[PDB]
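As structure tokens, one chain now follows by itself in the form deposited in one PDB entry.
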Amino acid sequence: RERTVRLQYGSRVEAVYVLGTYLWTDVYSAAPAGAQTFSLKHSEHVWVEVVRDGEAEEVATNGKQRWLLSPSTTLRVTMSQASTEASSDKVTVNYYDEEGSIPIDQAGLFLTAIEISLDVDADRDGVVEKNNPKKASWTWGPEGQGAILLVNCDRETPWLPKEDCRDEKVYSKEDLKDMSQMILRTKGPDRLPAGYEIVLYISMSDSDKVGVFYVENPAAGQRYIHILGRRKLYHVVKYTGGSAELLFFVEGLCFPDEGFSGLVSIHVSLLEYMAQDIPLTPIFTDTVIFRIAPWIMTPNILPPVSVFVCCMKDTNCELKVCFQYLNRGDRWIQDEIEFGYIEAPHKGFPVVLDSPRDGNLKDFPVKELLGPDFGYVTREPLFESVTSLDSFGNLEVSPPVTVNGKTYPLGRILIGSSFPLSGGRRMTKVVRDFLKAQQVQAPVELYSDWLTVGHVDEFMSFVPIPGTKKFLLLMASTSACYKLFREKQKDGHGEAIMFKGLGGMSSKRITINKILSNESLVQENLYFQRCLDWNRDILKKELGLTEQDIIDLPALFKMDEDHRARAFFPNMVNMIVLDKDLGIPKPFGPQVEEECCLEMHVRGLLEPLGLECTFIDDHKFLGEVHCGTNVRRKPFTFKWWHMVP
């Protein structure tokens, strides 16, 4: 960082030297007309080199030595340490005419050495290191370095219906715990030389991205000032003498999205005062880079924490019930809500994603899932209309996977869609852009649009098989149901009847025979099986799965007027997964040996593994038990900043 300084004719120039920089000094222009030579004298803590076209001769404090004047011959001035006083560090050059040994005129430089560094934590250990070279850049990888910033999606004070990032005001003292520290460190004399001031500033573009607070009068009357943020581009810092540190707290307002990479910057600058109606000059500038931590989903293979359910009709973790007024006739806590988390070094908390769907429970998250160490976010489309695929039963995430040499440690977000040439339903562009812009989990689009509801959770699920790993992707199969039913028919059970209890029940008698003897049905389910196999191909491709990794659960579908599938009997891939111990819907299949053959079948599949199956009663609404419940999960041990997406 080389800065240009020129002496003035017959005059003494006062200047501020910022450590970490070197001065190129021009002694030629200040030379009087007729002077053929120059000698120089300088202070102890000032290093002076005489540079003629690249060759630098370091010179003593008292020169008593002359050089030939020339534009090529110049000075290089460096300073080792900060100044105790505004002066006493100087470089004085005397000029000589060839006819005498006495100087004619002389020029000088009065140096005031200060050290200004804007510091953040770029090595991600949870404390702030002094002047990290990499602080102005952001690098992915375990050996990579950069500062990380959390959004405040949460609420310290219940008195308001908003996240803490929503205002420019800070109320509670615990707020700052979520903010990332930025310290301005300074070394210099008792005060600054006249016409100099230090200023913090951010872009107009970064106004809504960040905010920066300073805490004044700690204990006592303690107050939180908003120095940077919305409507504040700059703040003028008060300089304090000697070694001094100014502690600031930074908060991300916005999440990484379309048009926003997640990267933000804050600058500090030393401004020299020129004159009225003229801009201050940025003598020196230091810069730090924050990256706003993304939003990360939790798959079904992670340890569960909380289980949520709407209300109602009628193990080793808690259950949060959504009652009455909160329900407002909306039975789906799955579709409206996706659980996630955000993390920084030694900082982080759960964050919830609220669906644009805006069911009668739309009011519920904020009022409230939202509170201390619990986050909230939304994307509401303006020009686009909401469909059934924007429900979060259509939003899932895969276990950590490896696809052809590339690692996906946090898994891959799976969302349902339609063929591009179909012209069918799709998730809103805002949500897709959001998830895509999170970019750590690298979203994929399956095909859910052959289903009436259009959700991913209908045809697939993941369960842990406590190696602990490998997660055994479970898919629906109509083929398996027809196979099982044909086997039971050949066993003499073809007259056995589905839907014991309920209705008809046996008044309308639906038997394995009459089901297998249904033509339109078997055609429909052949087509549906194709629809399943396409998704199977996508999953195997993009998730790097073999055929060894898949289990086909018996399922049956029925085609509606839209040529879409609705569950013939309750969908069993619609289950919920807690640490093995499956929540599978009760299929209500036909009875063999006084037992439902479907239950015994899926047991015969999963039970040889650690999985313990449990069957829940529900289906005309229509959805099974995924649509009725949502489970909060414990995050990955893997830190997202160690990736290379």
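Residue indices: 1-based, along the sequence shown.
Going from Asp26 to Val27, the model skips none of the deposited residues; the chain is continuous there. Where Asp314 is followed by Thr315 in the displayed chain, the model omits 10 or more of the deposited residues that sit between the two. The PDB entry reports B-factors from which the mean C-alpha value can be compared for 60-68 and 27-35; the larger average falls on 60-68. Looking at mean Cα B-factors across 74-82 and 353-361, the upper value is held by 353-361. Residue set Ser418, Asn132, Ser180, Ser87: peak C-alpha B-factor at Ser87 (per PDB entry).
Per the PDB entry, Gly504 shows the highest C-alpha temperature factor of the residues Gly211, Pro256, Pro193, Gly504. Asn525: CA B factor lies in the lowest third for its chain, per the PDB record. Ranked by Cα temperature factor within the chain, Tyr341 sits in the middle third according to the deposited record.
Among the modelled residues of the chain, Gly494 sits in the middle third by CA temperature factor in this PDB entry.
In the PDB entry, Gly146 places in the lowest third of its chain by CA B-factor. Among the modelled residues of the chain, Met274 sits in the middle third by CA temperature factor in this PDB entry.
Omitted here: the form deposited with a small molecule bound. The next part is about that form.
In the entry with it bound, the small molecule lies farther than 4.5 Å from every heavy atom of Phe557. The small molecule is not shown here, and in the entry with it bound it never comes within 4.5 Å of any heavy atom of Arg291. Though the partner is left out of this view, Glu174 does not reach within 4.5 Å of the small molecule in the entry with it bound, counting heavy atoms only.
Under a 4.5 angstroms non-hydrogen atom cutoff, the small molecule in the entry with it bound has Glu163 among its neighbouring residues. Of the residues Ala136, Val401, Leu184, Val430, just one reaches the small molecule in the entry with it bound with a heavy atom at 4.5 Å or closer; this is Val430. Of the residues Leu539, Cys322, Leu472, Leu353, just one reaches the small molecule in the entry with it bound with a heavy atom at 4.5 Å or closer; this is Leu353. The stretch in contact with the small molecule in the entry with it bound, judged by heavy atoms within 4.5 Å, is 249-257, chosen from 249-257, 570-578, 67-75, 548-556.
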